[PDB]
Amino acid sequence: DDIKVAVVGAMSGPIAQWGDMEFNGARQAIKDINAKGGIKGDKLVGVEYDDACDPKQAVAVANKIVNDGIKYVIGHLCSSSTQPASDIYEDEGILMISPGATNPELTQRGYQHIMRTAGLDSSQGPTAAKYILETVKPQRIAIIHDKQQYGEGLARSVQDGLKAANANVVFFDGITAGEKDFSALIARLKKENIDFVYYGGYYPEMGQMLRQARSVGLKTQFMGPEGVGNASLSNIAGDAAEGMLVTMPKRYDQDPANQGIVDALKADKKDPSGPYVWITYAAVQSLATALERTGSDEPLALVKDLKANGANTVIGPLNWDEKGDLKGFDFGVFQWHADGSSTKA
């Protein structure tokens, strides 16, 4: 019979663009696996849920998935939506592989039914710090975040890395997501002579901050995590995007092995360049690999199978640890441009 797979992330709300990547990836993976035969003849059927990357809606989606009888979830997208959902999946015996959530705590609580194909901010944070310390070498640093699990997690991790090396972090502060007016913060960066800012959060805020910064003449170097590194960033920020630093996964679209899938997305006129197309595609491949190899429909048998034997995916040969995290997932540093391109820093 058909095998239902829930796919969960933002299809509404302020970061729906990251969701667009996720769904585009999941859909192409499901199509490709079904075109190749399915799972010994059984077709994968994607069942899509919008959690708006909102913790309360995520919980409602998780409860709906349980009620719907679905046993496998590729989701959720954001850390603060994925973690409360994971509590329900774990309790109910449902497999959950997140292609998006990077915050460490998800997989540090002993859970057995949870995995990711996303990286960890316990790696992303230190990488930013190292680059800041060793290459940027700033004089006066401010660290800003959006008071949310992902962004504040990362802002804390970078502060910790920088303060370990006695760097001059002048202040640490939160802003409210959705904020369109950064004139107060920007005046502070100017008056306090801040030449470097790290912002833990997502592109809508980062873009507005960059545009407003350059409009008053601030020359401050900004940096953020992969959450800011979107085609939207440069549209929102304008020429102010130029020079922004971002940590991001490898450019899987440039791997020659993916040229066929790149072409598939291109024939649909979908953008293939975002890392999360591939990271989601790889979660679907992972689940499919487990289903094919085990012949089991048990979530825990599928998770045991991936942790023992791995999967070959569009983001490379995958190996997971006993907590459900990928070994060897690294983030690189990139320099953004007004036209939305980016170069290795």
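Just count from 1 along the sequence shown to find any residue number.
Comparing 208 to 216 with 161 to 169, where is the mean C-alpha B-factor higher?
Averaged over C-alpha atoms, the B-factors run higher in 208 to 216.
Out of 288 to 296 and 22 to 30, which stretch has the higher average CA B-factor listed in the record?
Taking the mean C-alpha B-factor of 288 to 296 and of 22 to 30, the larger value falls to 288 to 296.
Taking the Cα B-factors listed in the entry, which of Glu226, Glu179, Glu152, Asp121 comes out highest?
Comparing C-alpha B-factors across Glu226, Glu179, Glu152, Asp121, the top value belongs to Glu179.
Highest recorded C-alpha temperature factor, please, choosing from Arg116, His76, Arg156, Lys191.
Out of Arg116, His76, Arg156, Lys191, the record gives the largest C-alpha B-factor to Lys191.
Would you mind checking where the Cα B-factor of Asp263 ranks among the modelled residues of its chain, as the lowest, middle or highest third?
CA B-factor rank for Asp263: lowest third.
Would you mind ranking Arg251 by its C-alpha B-factor against the rest of the chain and naming the third, lowest, middle or highest?
Highest third - that is where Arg251 ends up once the chain's C-alpha B-factors are sorted.
Going by the entry, which third of its chain does the Cα temperature factor of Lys269 land in?
Top third by C-alpha B-factor.
For the chain shown, is the CA B-factor of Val8 in the lowest, middle or highest third of its modelled residues?
Its C-alpha B-factor, which the entry lists for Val8, ranks in the lowest third among residues of this chain.
Among the chain's modelled residues, which third holds the C-alpha B-factor of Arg109?
Middle third by C-alpha B-factor.
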